[PDB]
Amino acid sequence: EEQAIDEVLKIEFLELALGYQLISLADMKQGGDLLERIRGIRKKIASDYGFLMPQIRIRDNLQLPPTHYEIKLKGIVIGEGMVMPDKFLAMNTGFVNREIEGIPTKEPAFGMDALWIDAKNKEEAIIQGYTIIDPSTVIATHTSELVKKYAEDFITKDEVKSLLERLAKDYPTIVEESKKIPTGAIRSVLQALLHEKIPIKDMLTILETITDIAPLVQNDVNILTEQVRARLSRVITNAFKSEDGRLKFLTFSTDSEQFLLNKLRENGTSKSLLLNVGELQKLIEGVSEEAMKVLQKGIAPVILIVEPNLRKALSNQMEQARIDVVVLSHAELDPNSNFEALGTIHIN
């Protein structure tokens, strides 16, 4: 025993641990690029979401099944999966002509259907309109999605201090004006944004909104979050456009929206839905089945668009039901972008 020391010197990071058979994906002498793909996430996340995470650590873990991987954050398992290191993943992204043969699976990043296929299958897969993704990329995309999920945690007091200071260099007045705001509130708003995958890369707007509005609402985080989000419609819409340039979404029918609004209650500044067991049931089936269809179309994340008053209440209700959706308000939609309605949820 000499682990008073390893504990003294330990830094906090995201850790990708690889089973024996996955190590070859990291071996550049073998042509694997997992190292660059994994190490290049931190910069992409920085430019898309506006925070700096510590570099991602890559370990072997021999206690793992040889094809399995495990992702840890502060030593706690937050994700795991497997790839066929010597195969390729083929996906229907909405242009498939004829289905091909392979091993069916659920891709780990979003739970979409896919086929593991051999290298020699790639050519015909491509002819049939499939998208092909290699093992390293699958792991990288998974890992990327997991850091987005836990983006909150990387927003420490020291990251907040560092974000202001990095803004101070050429907007020194607004950061100074922001010293008037309790720093727990700023931090708390930033976490609340990242919690729902809203980038904080526009600190100017964030700080300006908080500094303006906070004194008026006793630094209430529910109000500040919504107010800040309302001013980031360009950033929000851009962060959820599909790659074809369209933000693709579901809505609730008017009858359904009215039903939800009728069960909506405010207590202090906290909005919630007052639903019995059967009603909560109807709500969950309706969303989850429609979400299920969106994923089957090769589209993810599943986005729900509602009016301002339902956004937080619905979002809370979803994460408590463990339904992986994004909930957006009308106030957050950039009319300069293209939109596509995928379907309408009926709770009836």
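Numbering starts at 1 and runs along the sequence shown.
Legend entry - Residue range whose averaged C-alpha B-factor is higher in the record, 169 to 177 or 265 to 273: The stretch with the larger mean CA B-factor is 169 to 177.
Legend entry - Segment of higher mean CA temperature factor, 21 to 29 or 331 to 339: In the deposited entry, the stretch with the higher C-alpha B-factor mean is 21 to 29.
Legend entry - Maximum C-alpha temperature factor, selected from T205, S253, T237, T93: Max CA B-factor in the entry, restricted to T205, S253, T237, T93: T93.
Legend entry - Selection by C-alpha B-factor (highest) of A109, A140, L232, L247: That would be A109.
Inset, instruction - Would you mind ranking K149 by its C-alpha B-factor against the rest of the chain and naming the third, lowest, middle or highest? - result: For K149, the deposited C-alpha B-factor lands in the middle third.
Inset, instruction - Ordered by C-alpha B-factor within the chain, which third holds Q317? Give me lowest, middle or highest, please. - result: Middle third - that is where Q317 ends up once the chain's C-alpha B-factors are sorted.
Inset, instruction - Divide the modelled residues of the chain into thirds by Cα B-factor and specify which third, lowest, middle or highest, holds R98. - result: CA B-factor rank for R98: highest third.
Legend entry - Lowest, middle or highest third - CA B-factor, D60: It falls in the top third of the chain.
Inset, instruction - Would you mind ranking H195 by its C-alpha B-factor against the rest of the chain and naming the third, lowest, middle or highest? - result: According to the entry, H195 has a C-alpha B-factor in the chain's lowest third.
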